[PDB]
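Structure file run-v4.cif (mmCIF, N, CA and C atoms (P, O5', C5', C4', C3', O3' and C1' of nucleotides)) is printed below.
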```cif
data_final
loop_
_atom_site.label_atom_id
_atom_site.label_comp_id
_atom_site.auth_asym_id
_atom_site.auth_seq_id
_atom_site.Cartn_x
_atom_site.Cartn_y
_atom_site.Cartn_z
N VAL A 1251 19.41 254.57 204.29
CA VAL A 1251 18.48 254.62 203.16
C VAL A 1251 19.14 255.37 202.01
N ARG A 1252 18.71 255.04 200.78
CA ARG A 1252 19.24 255.69 199.60
C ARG A 1252 18.43 256.91 199.24
N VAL A 1253 18.96 258.09 199.49
CA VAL A 1253 18.30 259.35 199.14
C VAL A 1253 18.77 259.76 197.75
N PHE A 1254 17.85 260.26 196.94
CA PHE A 1254 18.12 260.61 195.56
C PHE A 1254 18.10 262.12 195.37
N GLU A 1255 18.93 262.58 194.43
CA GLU A 1255 19.06 263.99 194.10
C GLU A 1255 19.02 264.14 192.59
N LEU A 1256 18.50 265.27 192.13
CA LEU A 1256 18.37 265.54 190.70
C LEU A 1256 19.38 266.61 190.32
N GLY A 1257 20.24 266.30 189.36
CA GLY A 1257 21.28 267.23 188.99
C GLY A 1257 22.17 266.68 187.90
N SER A 1258 23.35 267.27 187.79
CA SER A 1258 24.33 266.92 186.76
C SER A 1258 25.52 266.24 187.43
N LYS A 1259 25.58 264.92 187.33
CA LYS A 1259 26.71 264.13 187.80
C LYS A 1259 27.25 263.31 186.64
N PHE A 1260 28.57 263.27 186.50
CA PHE A 1260 29.20 262.62 185.36
C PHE A 1260 29.87 261.31 185.78
N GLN A 1261 30.01 260.42 184.80
CA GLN A 1261 30.66 259.13 185.02
C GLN A 1261 32.14 259.33 185.33
N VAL A 1262 32.65 258.50 186.25
CA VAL A 1262 34.06 258.60 186.63
C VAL A 1262 34.95 258.04 185.52
N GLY A 1263 34.50 256.97 184.86
CA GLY A 1263 35.30 256.34 183.83
C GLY A 1263 34.46 255.54 182.86
N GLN A 1264 35.12 254.76 182.00
CA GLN A 1264 34.40 253.98 181.00
C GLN A 1264 34.76 252.49 181.00
N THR A 1265 35.56 252.02 181.95
CA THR A 1265 35.96 250.62 181.99
C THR A 1265 35.28 249.90 183.15
N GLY A 1266 34.92 248.64 182.90
CA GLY A 1266 34.35 247.80 183.94
C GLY A 1266 33.10 248.41 184.56
N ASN A 1267 33.12 248.54 185.88
CA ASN A 1267 32.02 249.13 186.62
C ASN A 1267 32.23 250.61 186.92
N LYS A 1268 33.29 251.22 186.38
CA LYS A 1268 33.50 252.65 186.56
C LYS A 1268 32.39 253.42 185.87
N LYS A 1269 31.81 252.84 184.82
CA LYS A 1269 30.73 253.51 184.08
C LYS A 1269 29.44 253.63 184.90
N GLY A 1270 29.41 253.08 186.10
CA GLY A 1270 28.28 253.23 187.00
C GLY A 1270 28.50 254.15 188.17
N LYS A 1271 29.69 254.75 188.30
CA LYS A 1271 30.00 255.66 189.39
C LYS A 1271 29.82 257.09 188.89
N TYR A 1272 29.02 257.87 189.61
CA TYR A 1272 28.71 259.24 189.24
C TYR A 1272 29.23 260.18 190.32
N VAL A 1273 30.06 261.14 189.92
CA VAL A 1273 30.75 262.02 190.85
C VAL A 1273 30.49 263.47 190.47
N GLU A 1274 30.89 264.37 191.36
CA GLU A 1274 30.74 265.81 191.18
C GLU A 1274 32.11 266.47 191.09
N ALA A 1275 32.18 267.57 190.35
CA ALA A 1275 33.43 268.29 190.17
C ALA A 1275 34.01 268.72 191.51
N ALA A 1276 35.33 268.58 191.64
CA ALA A 1276 35.99 268.86 192.91
C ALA A 1276 36.07 270.36 193.16
N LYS A 1277 36.38 270.71 194.40
CA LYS A 1277 36.49 272.11 194.78
C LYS A 1277 37.65 272.77 194.06
N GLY A 1278 37.38 273.94 193.48
CA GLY A 1278 38.42 274.70 192.79
C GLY A 1278 38.95 274.04 191.54
N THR A 1279 38.09 273.37 190.78
CA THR A 1279 38.50 272.73 189.54
C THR A 1279 37.74 273.24 188.32
N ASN A 1280 36.84 274.20 188.50
CA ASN A 1280 36.22 274.91 187.38
C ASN A 1280 37.11 276.11 187.03
N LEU A 1281 38.10 275.84 186.18
CA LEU A 1281 39.21 276.77 185.99
C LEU A 1281 39.07 277.62 184.74
N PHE A 1282 38.22 277.25 183.79
CA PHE A 1282 38.12 277.98 182.53
C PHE A 1282 36.67 278.33 182.23
N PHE A 1283 36.47 279.59 181.84
CA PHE A 1283 35.14 280.16 181.58
C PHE A 1283 35.21 280.84 180.22
N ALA A 1284 34.61 280.22 179.21
CA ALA A 1284 34.71 280.70 177.84
C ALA A 1284 33.67 281.77 177.54
N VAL A 1285 34.12 282.83 176.88
CA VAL A 1285 33.28 283.93 176.42
C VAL A 1285 33.44 284.02 174.90
N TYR A 1286 32.34 283.79 174.19
CA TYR A 1286 32.23 283.72 172.74
C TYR A 1286 31.39 284.89 172.22
N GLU A 1287 31.51 285.15 170.91
CA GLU A 1287 30.67 286.13 170.24
C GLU A 1287 30.16 285.58 168.92
N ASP A 1288 28.89 285.83 168.62
CA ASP A 1288 28.34 285.51 167.32
C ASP A 1288 28.48 286.71 166.38
N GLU A 1289 28.29 286.46 165.09
CA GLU A 1289 28.52 287.49 164.08
C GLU A 1289 27.67 288.73 164.34
N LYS A 1290 26.51 288.56 164.98
CA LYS A 1290 25.66 289.71 165.26
C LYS A 1290 26.25 290.57 166.37
N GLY A 1291 26.72 289.94 167.44
CA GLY A 1291 27.40 290.69 168.49
C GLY A 1291 27.12 290.26 169.92
N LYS A 1292 26.13 289.39 170.13
CA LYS A 1292 25.80 288.97 171.48
C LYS A 1292 26.89 288.05 172.04
N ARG A 1293 27.11 288.16 173.34
CA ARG A 1293 28.09 287.33 174.03
C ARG A 1293 27.45 286.07 174.58
N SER A 1294 28.14 284.95 174.40
CA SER A 1294 27.73 283.67 174.95
C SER A 1294 28.77 283.19 175.95
N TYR A 1295 28.31 282.51 176.99
CA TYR A 1295 29.18 282.08 178.08
C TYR A 1295 29.07 280.57 178.26
N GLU A 1296 30.17 279.95 178.66
CA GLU A 1296 30.16 278.53 178.97
C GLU A 1296 31.26 278.24 179.98
N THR A 1297 31.09 277.15 180.73
CA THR A 1297 32.11 276.67 181.65
C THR A 1297 32.49 275.26 181.23
N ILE A 1298 33.75 275.06 180.87
CA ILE A 1298 34.23 273.75 180.44
C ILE A 1298 34.79 273.00 181.65
P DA B 1 34.05 274.36 215.02
"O5'" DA B 1 34.79 274.83 213.68
"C5'" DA B 1 34.11 275.68 212.76
"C4'" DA B 1 35.08 276.22 211.72
"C3'" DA B 1 34.44 277.07 210.63
"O3'" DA B 1 35.35 278.08 210.21
"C1'" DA B 1 35.40 275.15 209.65
P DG B 2 34.92 279.16 209.10
"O5'" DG B 2 35.42 278.51 207.73
"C5'" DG B 2 36.78 278.11 207.59
"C4'" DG B 2 37.28 278.39 206.18
"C3'" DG B 2 36.50 279.45 205.43
"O3'" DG B 2 37.38 280.24 204.63
"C1'" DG B 2 36.07 277.23 204.55
P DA B 3 36.80 281.51 203.83
"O5'" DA B 3 36.47 280.93 202.39
"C5'" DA B 3 37.44 280.16 201.70
"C4'" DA B 3 36.79 279.32 200.62
"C3'" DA B 3 35.90 280.11 199.66
"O3'" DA B 3 36.10 279.66 198.33
"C1'" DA B 3 34.68 278.35 200.60
P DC B 4 35.63 280.56 197.08
"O5'" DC B 4 35.23 279.47 195.97
"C5'" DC B 4 36.19 278.52 195.54
"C4'" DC B 4 35.54 277.17 195.28
"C3'" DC B 4 34.55 277.16 194.11
"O3'" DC B 4 34.70 275.96 193.36
"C1'" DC B 4 33.48 276.41 196.07
P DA B 5 34.14 275.89 191.86
"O5'" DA B 5 32.86 274.94 191.96
"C5'" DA B 5 33.03 273.55 192.20
"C4'" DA B 5 31.69 272.82 192.17
"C3'" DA B 5 30.74 273.26 191.06
"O3'" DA B 5 30.01 272.15 190.58
"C1'" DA B 5 29.75 273.70 193.17
P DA B 6 29.14 272.25 189.22
"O5'" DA B 6 27.65 272.04 189.75
"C5'" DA B 6 27.36 271.07 190.78
"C4'" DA B 6 26.05 271.40 191.45
"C3'" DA B 6 24.97 271.95 190.52
"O3'" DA B 6 23.68 271.47 190.91
"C1'" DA B 6 25.27 273.41 192.29
P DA B 7 22.82 270.47 189.98
"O5'" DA B 7 21.69 269.96 190.98
"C5'" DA B 7 22.07 269.43 192.25
"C4'" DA B 7 21.14 269.92 193.36
"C3'" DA B 7 19.68 270.13 192.95
"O3'" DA B 7 18.85 269.73 194.02
"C1'" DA B 7 20.57 272.17 193.74
P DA B 8 17.27 269.51 193.79
"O5'" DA B 8 16.61 270.72 194.59
"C5'" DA B 8 17.38 271.45 195.53
"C4'" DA B 8 16.56 272.54 196.19
"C3'" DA B 8 15.15 272.71 195.64
"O3'" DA B 8 14.31 273.20 196.67
"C1'" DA B 8 16.43 274.64 195.14
P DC B 9 12.73 273.33 196.45
"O5'" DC B 9 12.47 274.90 196.46
"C5'" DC B 9 13.35 275.75 197.20
"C4'" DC B 9 12.85 277.18 197.21
"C3'" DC B 9 11.47 277.39 196.60
"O3'" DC B 9 10.84 278.49 197.25
"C1'" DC B 9 13.07 278.53 195.30
P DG B 10 9.36 278.94 196.83
"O5'" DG B 10 9.61 280.10 195.76
"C5'" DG B 10 10.24 281.31 196.15
"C4'" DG B 10 9.89 282.42 195.17
"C3'" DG B 10 8.55 282.23 194.48
"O3'" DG B 10 7.84 283.46 194.42
"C1'" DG B 10 10.32 282.29 192.86
P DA B 11 6.28 283.48 194.82
"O5'" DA B 11 5.75 284.88 194.24
"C5'" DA B 11 6.68 285.83 193.74
"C4'" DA B 11 6.70 285.82 192.22
"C3'" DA B 11 5.31 285.83 191.55
"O3'" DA B 11 5.36 286.62 190.35
"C1'" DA B 11 6.54 284.06 190.74
P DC B 12 5.79 288.18 190.34
"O5'" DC B 12 7.24 288.15 189.67
"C5'" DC B 12 7.87 286.91 189.28
"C4'" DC B 12 7.83 286.74 187.78
"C3'" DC B 12 6.51 287.14 187.14
"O3'" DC B 12 6.68 287.60 185.79
"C1'" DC B 12 6.97 284.94 186.60
P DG B 13 7.61 288.88 185.43
"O5'" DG B 13 8.78 288.26 184.52
"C5'" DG B 13 9.00 286.84 184.49
"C4'" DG B 13 8.49 286.23 183.20
"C3'" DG B 13 7.13 286.71 182.74
"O3'" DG B 13 7.28 287.92 181.96
"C1'" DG B 13 7.45 284.33 182.37
P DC B 14 6.56 288.14 180.53
"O5'" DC B 14 7.34 287.15 179.54
"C5'" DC B 14 8.76 287.10 179.57
"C4'" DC B 14 9.28 285.87 178.85
"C3'" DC B 14 8.94 285.80 177.36
"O3'" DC B 14 10.14 285.68 176.60
"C1'" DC B 14 8.50 283.73 178.43
P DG B 15 10.10 285.32 175.04
"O5'" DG B 15 10.12 283.72 175.02
"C5'" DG B 15 10.20 283.03 173.79
"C4'" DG B 15 10.55 281.57 174.03
"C3'" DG B 15 10.19 280.64 172.88
"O3'" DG B 15 11.07 279.52 172.86
"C1'" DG B 15 8.82 280.15 174.75
P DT B 16 11.15 278.56 171.56
"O5'" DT B 16 10.84 277.11 172.15
"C5'" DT B 16 9.70 276.90 173.00
"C4'" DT B 16 8.98 275.62 172.63
"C3'" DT B 16 8.66 275.47 171.14
"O3'" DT B 16 8.50 274.08 170.81
"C1'" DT B 16 6.65 275.75 172.33
P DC B 17 8.73 273.54 169.30
"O5'" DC B 17 7.63 272.38 169.18
"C5'" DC B 17 7.79 271.17 169.91
"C4'" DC B 17 6.47 270.42 170.07
"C3'" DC B 17 5.72 270.11 168.78
"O3'" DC B 17 5.09 268.83 168.91
"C1'" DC B 17 4.33 271.34 170.19
P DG B 18 3.97 268.34 167.86
"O5'" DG B 18 2.61 268.97 168.42
"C5'" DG B 18 1.61 268.12 168.96
"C4'" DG B 18 0.28 268.36 168.28
"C3'" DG B 18 0.31 268.30 166.76
"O3'" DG B 18 -0.75 267.44 166.28
"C1'" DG B 18 -0.45 270.47 167.51
P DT B 19 -1.47 267.67 164.84
"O5'" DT B 19 -2.56 268.79 165.16
"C5'" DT B 19 -3.32 268.73 166.39
"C4'" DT B 19 -4.39 269.79 166.39
"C3'" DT B 19 -5.07 270.03 165.04
"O3'" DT B 19 -6.49 270.03 165.22
"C1'" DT B 19 -4.32 272.08 165.95
P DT B 20 -7.50 270.33 163.98
"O5'" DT B 20 -7.88 271.87 164.19
"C5'" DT B 20 -7.84 272.45 165.51
"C4'" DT B 20 -8.70 273.69 165.58
"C3'" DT B 20 -9.65 273.91 164.40
"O3'" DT B 20 -10.82 274.58 164.88
"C1'" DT B 20 -7.97 275.60 164.41
P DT B 21 -11.85 275.32 163.86
"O5'" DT B 21 -11.27 276.80 163.79
"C5'" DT B 21 -10.89 277.49 164.99
"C4'" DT B 21 -10.66 278.96 164.70
"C3'" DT B 21 -11.59 279.57 163.66
"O3'" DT B 21 -11.81 280.94 164.01
"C1'" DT B 21 -9.36 279.70 162.89
P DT B 22 -12.81 281.88 163.17
"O5'" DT B 22 -11.85 283.02 162.62
"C5'" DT B 22 -10.80 283.53 163.46
"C4'" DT B 22 -9.86 284.41 162.66
"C3'" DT B 22 -10.51 285.23 161.55
"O3'" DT B 22 -9.93 286.53 161.58
"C1'" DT B 22 -8.75 283.94 160.66
P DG B 23 -10.70 287.83 161.00
"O5'" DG B 23 -9.74 288.29 159.82
"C5'" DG B 23 -8.34 288.44 160.07
"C4'" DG B 23 -7.56 288.52 158.77
"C3'" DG B 23 -8.25 289.30 157.65
"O3'" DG B 23 -7.29 290.12 157.00
"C1'" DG B 23 -7.69 287.14 156.89
P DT B 24 -7.74 291.19 155.88
"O5'" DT B 24 -7.13 290.58 154.54
"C5'" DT B 24 -5.73 290.29 154.44
"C4'" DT B 24 -5.43 289.61 153.12
"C3'" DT B 24 -6.16 290.20 151.91
"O3'" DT B 24 -5.28 290.28 150.78
"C1'" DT B 24 -6.63 287.90 152.08
P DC B 25 -4.48 291.63 150.45
"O5'" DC B 25 -5.61 292.61 149.89
"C5'" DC B 25 -6.02 292.51 148.53
"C4'" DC B 25 -7.07 293.56 148.21
"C3'" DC B 25 -7.67 293.47 146.81
"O3'" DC B 25 -9.02 293.04 146.89
"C1'" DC B 25 -7.22 295.73 147.47
P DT B 26 -9.99 293.02 145.59
"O5'" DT B 26 -10.47 294.53 145.47
"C5'" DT B 26 -11.17 295.18 146.55
"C4'" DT B 26 -12.20 296.15 146.01
"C3'" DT B 26 -12.78 295.79 144.64
"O3'" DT B 26 -14.20 296.00 144.62
"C1'" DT B 26 -11.89 297.97 144.58
P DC B 27 -15.18 294.94 143.89
"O5'" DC B 27 -15.91 295.82 142.78
"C5'" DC B 27 -15.15 296.47 141.77
"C4'" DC B 27 -15.54 297.93 141.65
"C3'" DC B 27 -16.12 298.32 140.29
"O3'" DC B 27 -17.25 299.16 140.47
"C1'" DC B 27 -14.27 299.70 140.80
P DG B 28 -18.28 299.39 139.26
"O5'" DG B 28 -17.61 300.56 138.41
"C5'" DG B 28 -17.37 300.39 137.02
"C4'" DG B 28 -17.09 301.73 136.37
"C3'" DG B 28 -16.84 301.67 134.88
"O3'" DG B 28 -18.06 301.68 134.17
"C1'" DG B 28 -15.19 303.01 135.91
P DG B 29 -18.17 300.98 132.73
"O5'" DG B 29 -17.46 302.03 131.75
"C5'" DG B 29 -17.93 303.37 131.69
"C4'" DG B 29 -16.94 304.25 130.94
"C3'" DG B 29 -16.59 303.76 129.55
"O3'" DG B 29 -17.56 304.20 128.62
"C1'" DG B 29 -14.66 304.61 130.72
P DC B 30 -18.31 303.13 127.68
"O5'" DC B 30 -17.11 302.25 127.09
"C5'" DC B 30 -16.73 302.37 125.73
"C4'" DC B 30 -15.42 303.14 125.60
"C3'" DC B 30 -14.56 302.72 124.43
"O3'" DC B 30 -14.93 303.47 123.28
"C1'" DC B 30 -13.25 303.10 126.42
P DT B 31 -15.08 302.77 121.85
"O5'" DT B 31 -13.57 302.52 121.41
"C5'" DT B 31 -12.65 303.62 121.29
"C4'" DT B 31 -11.28 303.11 120.94
"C3'" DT B 31 -11.26 302.07 119.82
"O3'" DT B 31 -10.82 302.70 118.61
"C1'" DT B 31 -9.78 301.49 121.65
P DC B 32 -11.09 302.02 117.17
"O5'" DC B 32 -10.00 300.85 117.12
"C5'" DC B 32 -8.62 301.16 117.24
"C4'" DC B 32 -7.79 299.90 117.39
"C3'" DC B 32 -8.06 298.81 116.34
"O3'" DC B 32 -6.84 298.41 115.74
"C1'" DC B 32 -7.99 297.89 118.49
P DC B 33 -6.72 298.26 114.15
"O5'" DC B 33 -6.00 296.84 113.96
"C5'" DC B 33 -6.71 295.64 114.24
"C4'" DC B 33 -5.79 294.61 114.87
"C3'" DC B 33 -6.24 293.16 114.72
"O3'" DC B 33 -5.80 292.64 113.47
"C1'" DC B 33 -5.67 293.56 116.97
P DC B 34 -6.67 291.52 112.73
"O5'" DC B 34 -6.37 290.18 113.56
"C5'" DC B 34 -5.03 289.71 113.67
"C4'" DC B 34 -4.93 288.62 114.72
"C3'" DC B 34 -6.00 287.55 114.64
"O3'" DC B 34 -5.68 286.59 113.65
"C1'" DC B 34 -5.76 288.24 116.87
P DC B 35 -6.85 285.83 112.86
"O5'" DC B 35 -7.29 284.66 113.86
"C5'" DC B 35 -6.31 283.79 114.39
"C4'" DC B 35 -6.85 283.04 115.60
"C3'" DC B 35 -8.19 282.38 115.39
"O3'" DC B 35 -8.02 281.12 114.76
"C1'" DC B 35 -8.20 283.54 117.45
P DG B 36 -9.24 280.46 113.94
"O5'" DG B 36 -10.18 279.84 115.08
"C5'" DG B 36 -9.65 278.90 116.00
"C4'" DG B 36 -10.62 278.65 117.14
"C3'" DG B 36 -12.03 278.31 116.71
"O3'" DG B 36 -12.13 276.92 116.44
"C1'" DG B 36 -12.10 279.97 118.39
P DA B 37 -12.89 276.42 115.11
"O5'" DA B 37 -14.41 276.28 115.57
"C5'" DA B 37 -14.75 275.46 116.69
"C4'" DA B 37 -16.06 275.92 117.31
"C3'" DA B 37 -17.25 275.89 116.36
"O3'" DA B 37 -17.91 274.63 116.46
"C1'" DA B 37 -17.15 277.98 117.55
P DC B 38 -18.57 273.96 115.17
"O5'" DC B 38 -19.91 274.81 114.94
"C5'" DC B 38 -20.91 274.85 115.95
"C4'" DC B 38 -21.94 275.92 115.64
"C3'" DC B 38 -22.49 275.88 114.23
"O3'" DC B 38 -23.59 274.98 114.17
"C1'" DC B 38 -22.02 278.14 114.94
P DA B 39 -24.12 274.45 112.75
"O5'" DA B 39 -25.02 275.66 112.20
"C5'" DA B 39 -24.84 276.13 110.88
"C4'" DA B 39 -25.84 277.22 110.55
"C3'" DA B 39 -25.81 277.70 109.11
"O3'" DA B 39 -26.77 276.98 108.35
"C1'" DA B 39 -25.46 279.54 110.53
P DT B 40 -26.35 276.30 106.95
"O5'" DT B 40 -26.42 277.51 105.92
"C5'" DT B 40 -27.65 278.22 105.72
"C4'" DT B 40 -27.46 279.30 104.68
"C3'" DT B 40 -26.64 278.88 103.46
"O3'" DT B 40 -27.47 278.28 102.46
"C1'" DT B 40 -25.79 280.92 104.32
P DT B 41 -26.83 277.35 101.32
"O5'" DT B 41 -26.03 278.38 100.41
"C5'" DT B 41 -26.73 279.43 99.72
"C4'" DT B 41 -25.74 280.29 98.95
"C3'" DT B 41 -24.75 279.51 98.10
"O3'" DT B 41 -25.31 279.24 96.82
"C1'" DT B 41 -23.61 281.19 99.36
P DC B 42 -24.84 277.95 95.97
"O5'" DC B 42 -23.35 278.34 95.53
"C5'" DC B 42 -23.13 279.44 94.66
"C4'" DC B 42 -21.65 279.77 94.58
"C3'" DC B 42 -20.74 278.59 94.33
"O3'" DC B 42 -20.70 278.28 92.95
"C1'" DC B 42 -19.84 279.96 96.04
P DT B 43 -20.39 276.77 92.47
"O5'" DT B 43 -18.81 276.67 92.62
"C5'" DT B 43 -17.94 277.33 91.69
"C4'" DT B 43 -16.51 276.86 91.87
"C3'" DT B 43 -16.34 275.35 91.88
"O3'" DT B 43 -16.05 274.90 90.55
"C1'" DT B 43 -15.19 276.33 93.75
P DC B 44 -16.31 273.36 90.12
"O5'" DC B 44 -15.15 272.57 90.88
"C5'" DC B 44 -13.79 272.84 90.57
"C4'" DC B 44 -12.87 272.29 91.65
"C3'" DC B 44 -13.01 270.81 91.92
"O3'" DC B 44 -12.24 270.06 90.99
"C1'" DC B 44 -12.81 272.04 93.97
#
```
What does the file become when written as structure tokens?
Amino acid sequence: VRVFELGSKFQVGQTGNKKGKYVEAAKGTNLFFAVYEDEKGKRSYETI
DNA sequence: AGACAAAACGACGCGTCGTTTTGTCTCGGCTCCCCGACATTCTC
């Protein structure tokens, strides 16, 4: 049976039927974590 | 099996669109300039 999950999955590619395949980031591939500052002074965080 | 990626849980919790309702400084004395309108007389 097809079980469904709610989350963030991205397309594998943009050609042919690749635009219909949704995958999850591999183990140990979240390598960069950006720390920003606004002119006031608060820190903002993001993971690219 | 390991350890990363992220979904799931929590009560909690604060933000958010769409509209309605609410709140908003107050009175006293005078003086002296100007103008407007409406009545009378007088000149043209």
Could you list the residues in chain A lying within 5 Å of chain B, using all atoms listed in the file, and format the result as a PyMOL selection string?
chain A and resi 1256-1258+1275-1280
For the structure provided, state which residues fall under the PyMOL selection byres ((chain A and resi 1261) around 7), and present them as an MDAnalysis selection string.
chainID A and resid 1259:1260 1262:1264 1268:1273
Report, in Å to a single decimal, how far apart atom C1' of residue B:17 and atom CA of residue A:1294 are.
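Separation of atom CA of residue A:1294 and atom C1' of residue B:17: 26.9 Å.
For the set A:1284, A:1255, A:1297, A:1291, the residue with the smallest atom-to-atom gap to residue B:8 is A:1255, counting all atoms listed in the file.
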Which of stretch 1258-1293 of chain A DSSP labels strand (DSSP E or B), written as a PyMOL selection string:
chain A and resi 1260-1261+1272-1273+1283-1287+1293
